[PDB]
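Here is the structure we will look at, set down as structure tokens.
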Amino acid sequence: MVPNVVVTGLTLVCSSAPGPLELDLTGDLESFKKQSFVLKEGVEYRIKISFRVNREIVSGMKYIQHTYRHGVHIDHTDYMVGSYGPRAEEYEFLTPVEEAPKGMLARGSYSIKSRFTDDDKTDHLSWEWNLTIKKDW
């Protein structure tokens, strides 16, 4: 009954953001639905998922993200994360560089449905968060 994978954080890594953009996924996941990260339009960023493995090697780990606008499904990306052995120290998975969309028509809030899984389709963690694209920070 000790969970094999504990997903601990999501971080938006953006060198031009004025402050830290982090979710503690060991907390109240419902609260994130009430919050949002602001990204300046057009900026480069990466998504960092922090997690721990406790007992057994996990293979074919995968990070799945669905993006919604106005409740309408507009993007789905899957990222292969890899294989990881148990240890005390957190692992950090980083996506490739992504770009915030740009232009008046792309500005506003988007809802993100995230899932961390593997080749067994285990629901290691599923959570929801929001991203708001603005002209400036």
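The sequence shown begins at 66 in the entry's author numbering and counts up by one. Heads up, the beta-carbon is just placed ideally off N, CA and C, and yes, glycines get one too.
query, result
"In three-state DSSP terms, what is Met169?", "helix"
"Tell me where the beta strand (DSSP E) around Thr142 begins and ends.", "137-149"
"Going by beta-carbon coordinates alone, are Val72 and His189 separated by less than 7 Å?", "yes"
"Buried or exposed for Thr142, please, with buried defined as at least 16 other CB atoms from any protein chain shown within 10 angstroms of its CB.", "exposed"
"Give the secondary structure of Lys178 by DSSP, where H, G and I count as helix, E and B as strand, and everything else as coil.", "strand"
"Nearest to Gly125 by alpha carbon, out of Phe181, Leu90, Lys167?", "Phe181"
"Give the secondary structure of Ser96 by DSSP, where H, G and I count as helix, E and B as strand, and everything else as coil.", "helix"
"From this set, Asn195, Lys199, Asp201, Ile177, which residue's C-alpha is nearest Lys99's C-alpha?", "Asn195"
"Only counting the same chain, and skipping five residues up and downstream in sequence, which positions put a Cβ closer than 7 Å to that of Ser101?", "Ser174, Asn195, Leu196, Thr197"
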